[PDB]
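[1] experimental structure and its sequence below.
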Amino acid sequence: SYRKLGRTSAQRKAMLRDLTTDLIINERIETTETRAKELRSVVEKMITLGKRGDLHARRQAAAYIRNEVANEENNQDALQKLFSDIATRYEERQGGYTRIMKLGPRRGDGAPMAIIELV
Amino acid sequence: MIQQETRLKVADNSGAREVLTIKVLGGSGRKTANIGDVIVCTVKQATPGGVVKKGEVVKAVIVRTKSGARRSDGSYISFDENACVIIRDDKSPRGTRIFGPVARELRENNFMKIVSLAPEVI
Amino acid sequence: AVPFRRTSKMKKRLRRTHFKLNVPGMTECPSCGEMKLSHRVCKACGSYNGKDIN
Amino acid sequence: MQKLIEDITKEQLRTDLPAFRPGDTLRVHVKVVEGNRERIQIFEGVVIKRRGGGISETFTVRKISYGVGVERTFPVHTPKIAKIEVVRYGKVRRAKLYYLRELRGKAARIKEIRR
Amino acid sequence: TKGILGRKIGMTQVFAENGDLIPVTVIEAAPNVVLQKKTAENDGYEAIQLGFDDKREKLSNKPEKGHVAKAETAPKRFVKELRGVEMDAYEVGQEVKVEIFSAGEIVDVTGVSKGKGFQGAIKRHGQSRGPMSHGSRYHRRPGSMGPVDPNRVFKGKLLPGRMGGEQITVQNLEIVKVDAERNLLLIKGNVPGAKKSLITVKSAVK
RNA sequence: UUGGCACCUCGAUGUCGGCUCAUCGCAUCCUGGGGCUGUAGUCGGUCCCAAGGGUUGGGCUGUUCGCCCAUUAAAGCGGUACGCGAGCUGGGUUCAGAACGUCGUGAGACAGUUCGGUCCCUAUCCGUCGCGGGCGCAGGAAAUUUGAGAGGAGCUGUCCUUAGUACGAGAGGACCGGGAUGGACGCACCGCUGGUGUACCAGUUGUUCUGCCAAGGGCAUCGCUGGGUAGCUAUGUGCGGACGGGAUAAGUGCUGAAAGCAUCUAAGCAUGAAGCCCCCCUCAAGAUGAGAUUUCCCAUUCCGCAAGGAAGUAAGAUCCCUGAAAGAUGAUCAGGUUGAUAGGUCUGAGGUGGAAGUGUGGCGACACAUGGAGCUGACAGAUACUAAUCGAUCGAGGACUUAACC
């Protein structure tokens, strides 16, 4: 199957509803290794909606993506920035939109960290 | 897929209305019985006009069930009520008519008087 | 669930064979020269494979 | 893998059968052998189910005759099916009609949709 | 007294000239080349060794090269061996296609059966369990271990472990149809082994 | 077993009966072989060789036993702390509570009866099931095996034919020998019937949230209900215990003395069983007796006088990392940029079913077209898009004696 990551059925989808929206706003994230590998196979489903960019293509991410603030002095939401500027950036690449940059151990957990860029 | 201690809707006007099983006449111990096997049964209810009445150890033949019947075609026959037709401990029935459809996997053995009395041999 | 006898000073110290821990996969940082962990970021360099990533 | 699967048994994809909507009344001409003679009987009824994949798509037809519901599956691509005819099409919002196995008598009709 | 080997893919359902539907595996055996003909005069027994896969450059070792290159055809990944064949029919390097077999003969099938991992003493040995109610805190456990006085457990009582993975053979099977133009064997029955795992296909002792 | 004796155990050895896993003996219940028979035939009785396999499901009883119902080819007996309570149950006796009969003025008793009554533990060692790390195996490494040696499997009924035949007065009804088909358990699997499928899709309720409608999101056990692909599954599907050989057991024999005959004997032979050893299958060279072949790498640089030592490598392997056909973690296993190993990607397969939006019919609930659409978790197929970077250690220099040839 796939991975579960300590959460129940409900909580892991409520986990990844923050690890995409905070990933689109703050543009880089330090999670663990295994939380990275459950975003490399998820976030790349959300960015391809920005390639489609139509009406019903819009109303799928709005079911998923939170309503937080992405750009002050612009009032640009995390939904809007996925389609305004990200859609301009990736008109040519076919798949493969997140890097995995492995850090060292977390201190108290022994957790093998990671860093994800939007490449 | 009829076990011990199941209750069966009876398909002839030979006297009985509902019949419960004892043992499938297979080997030492057989669990189920799909179609065409022969059960020793008893009679939990009968019609008031009854040749065979309440509380009689009877020997009977499964006709139609909620089980499959894997033909070599791959076609699976599956009815919507478990049933019997009471026989006279032979390859021959003892009732007059046979209510409802009868599965065609009785012709594998020679129960052809049940076949000849069937109204729709499905 | 009771140890019937105390463990002597042999069968204790034969259980600490496979309780040892090794040195991990440790290479050299290609830019700032120090020892690097394999397939992770040399935190002294801040680099990985070509780039001191901010 | 799966391309190599069907490219063997594309020669047995029997294309004589009219592709129909799962859930509609329908008759089937089944060739059988009774007494070393080849006859054809006709099995009317509504389709509960179309499922499967490739050569192994099995469907079924339910007939409610003499008050005992008869369900009778068939894989689609058999040589032991002669002729399949759509008598009335049907509309069902669902796709597999398992609830028809209980309801009888006019809470179980499917309305003809004019095609 | 024969045999080739191939790679399992998965089940199908194939018609055979009737309404008779047959469970059918899809065994693909790209044409095997004999890598060594072992003789009884030096190796002490009469056998032969096949080979099956198209190895790449980086996959091979140098001792896998020099074993092949005497009868230089190709480095092949899987190497197995068949005791008891006609040695007088073959030479070192001969290509063996599917042309041996027909669609009507008794055929033996060995293999490498699937895995179930660490799963224990009901699924691993078929044993029953204690009752699921009437206050019993006993179910899914491997039974009593033995009587008192012999002070040990007998070697032959069964216990939880790692089900599957072992080599398992199914005797007296049969080939449905031979399609040698894509190197395909279709065998009547369910053959052990997961997807892409390797199977010897003999002719059984009837 | 009912019992004797009081030897171990009263600084505790928990006791009957079922459930769980079975193992062992043979005085055998079936199955194999036979001998005699008051053995016509079919059933039978009875001893003999046989322990390889099997030994049903229930109502009553706390039940063991036994009766009984219904089958079966058969419903075997007996151990093993009246096997198994650091595996399970607590109905049973054997704690106080309660009551009945009887005993005793009485408190109270009763192997007479009834109702209710806390079953604890985290595994050191030996013992098993499974996996691995090290060194061994006079050089290092790569794959395949011979097989010492072990284990599993080793049950069978109905029906057809010979043949209604020999036999019998009939009634009845065959051995011997062919073919077909099942039950019982056993290995394997997911195409088919269904089962589960909590990061799949569709509907629908209460209520909150994204400013509102629309459309959604959360929570309500996956909120519930109908489906559900891969995956693991059984009742589903395949095949399985085959055909035989070798030597015997009881028998059945010849031949033939001792002991002019007789005699299955002492010599000399042949038969003869589901038994026994191989044949079938799995495991297996740590089988320290360490086997056998196939190729690769080769005899390098330093001490030391040698003996010996370390220190870079070969062949190959490891750390590591993307991985699941494998998966407790190790292992196995597909790969690591001369690459399709994982994820995305664009196609398809299967599922679900007619997306929102728009337009129109309708007072609206709602339909209808757009449109086999829309969405899709593990599936297979292409694509270098995305990381498997660079590195790094480990790892042979091959003894002595004799023979053999050279």
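    Okay, I see it. Residues are numbered from 1 along each chain as shown, chains lettered A, B, ... in the order given.

[2] from chain B, how far off is the one residue in chain C that gets nearest to chain D?
    Going by Cβ to the nearest Cβ, chain D is nearest to residue C:39 of chain C, at 32.7 Å. Any C-beta I mention is one placed from the backbone N, CA and C, and that applies to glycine too. Remark: distance between residue C:39 and chain B (Cβ to the nearest Cβ, to the nearest Å) = 53 Å.

[3] quickly find the element holding that residue.
    Following DSSP states H and E, one finds residue C:39 outside all helices and strands.

[4] what is the burial count for it?
    Using other Cβ atoms under 10 Å in any protein chain shown, residue C:39 has 10 other residues around it.

[5] so who does residue 3 touch?
    In the absence of a named chain, this looks at chain A. Contact partners of residue A:3, counting by Cβ atoms under 8 Å, 6 or more residues apart in numbering or on different chains, are A:34, A:37, A:38.

[6] actually, chain E is the one I wanted.
    Contacts of residue E:3 (Cβ under 8 Å, 6+ apart): E:50, E:82, E:85, E:200, E:201, E:202, E:203.

[7] pretty sure the second one is in contact with residue E:45, am I right?
    What that stands for is residue E:82. No. Applying Cβ atoms under 8 Å as the test, residue E:82 and residue E:45 come out as separate, 11.2 Å apart.

[8] the two: who's more crowded?
    Applying other Cβ under 10 Å to residue E:82 and residue E:45 shows that residue E:82 carries more neighbours, namely 18 against 10.

[9] so what's the more buried one up against?
    E:2, E:3, E:47, E:48, E:49, E:50, E:200, E:202.

[10] what does residue B:39 give?
    Contact partners of residue B:39, counting by Cβ under 8 Å, 6+ apart, are B:2, B:21, B:22, B:23, B:24, B:25, B:33, B:59, B:60, B:61, B:62, B:84.

[11] can you give me the neighbour number for the last one?
    In this case it means residue B:84. Count around residue B:84 with other Cβ under 10 Å applied: 25.

[12] now swap in the third one and tell me
    Residue B:22 has 14 neighbouring residues, counting by other Cβ under 10 Å.

[13] before we move on, what about the one 5 residues further on?
    Around residue B:27 sit 6 other residues, with neighbours defined as other Cβ under 10 Å.

[14] surely it forms part of a strand?
    No. Assessed with DSSP: H, G, I helix; E, B strand; the rest coil, residue B:27 is coil; it does not lie in a strand.

[15] quick one, strands of the chain?
    Here I'm looking at chain A. Along chain A, counting by DSSP state E, strands occupy A:69-71, A:76-77.

[16] that's the other chain; I wanted chain D
    Using DSSP E, strands in chain D cover D:25-33, D:38-50, D:58-65, D:68-75, D:83-88.

[17] so which elements touch the shortest one?
    With contacts defined as 3 or more Cβ pairs under 8 Å, 6 or more residues apart in numbering or on different chains; DSSP states H and E, the secondary structure elements packing on strand D:83-88 are strand D:25-33.

[18] could you turn the buried ones of the contacts of residue E:3 into a ChimeraX selection?
    Selecting only the buried entries of the contacts of residue E:3 in ChimeraX, with 16 or more other Cβ atoms under 10 Å in any protein chain shown as the criterion:
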select /E:50,82,85,200,201,202
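
[19] circling back to that earlier point, mind putting the contacts of residue E:82 into CSV with distance to residue B:70 and secondary structure?
    Listed next are the contacts of residue E:82 as CSV, based on distance: Cβ to Cβ, whole Å; DSSP: H, G, I helix; E, B strand; the rest coil:
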residue, distance to residue B:70, secondary structure
E:2, 34, coil
E:3, 33, coil
E:47, 43, coil
E:48, 42, coil
E:49, 43, strand
E:50, 38, coil
E:200, 31, strand
E:202, 30, strand
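
[20] residues in contact with the residue nearest to the spatial centre of chain A?
    Nearest to the geometric centre of chain A sits residue A:20, at 2.8 Å (Cα atoms, centre = their mean). Taking Cβ under 8 Å, 6+ apart as the contact definition, residue A:20 lies against A:39, A:42, A:43, A:46, A:64, A:65.

[21] how does it look with 7 Å?
    A:42, A:43, A:46, A:65 (Cβ atoms under 7 Å, 6 or more residues apart in numbering or on different chains).

[22] which one (most neighbours) among the contacts of residue A:3?
    Ranking these using other Cβ under 10 Å puts residue A:38 first, with 19 neighbours.

[23] among the contacts of residue E:82, which one sits closest to chain B?
    The closest of the contacts of residue E:82, once distances to chain B are taken by Cβ to the nearest Cβ, is residue E:202, at 28.0 Å.

[24] how near is that closest one to residue E:142?
    Going from residue E:202 to residue E:142 by Cβ to Cβ, to the nearest Å gives 36 Å.

[25] who's in contact with the nearest residue to residue A:24 once chain neighbours are set aside?
    Nearest residue to residue A:24, sequence neighbours excluded (Cβ to Cβ, 6 or more residues apart in numbering or on different chains): residue A:78, at 5.3 Å. If you count contacts by Cβ under 7 Å, 6+ apart, residue A:78 has them with A:21, A:24, A:25, A:65, A:66, A:68, A:70.

[26] just the buried subset of the residues you listed, please.
    By 16+ other Cβ under 10 Å, the contacts of residue A:78 give A:21, A:24, A:25, A:65, A:70 as buried.
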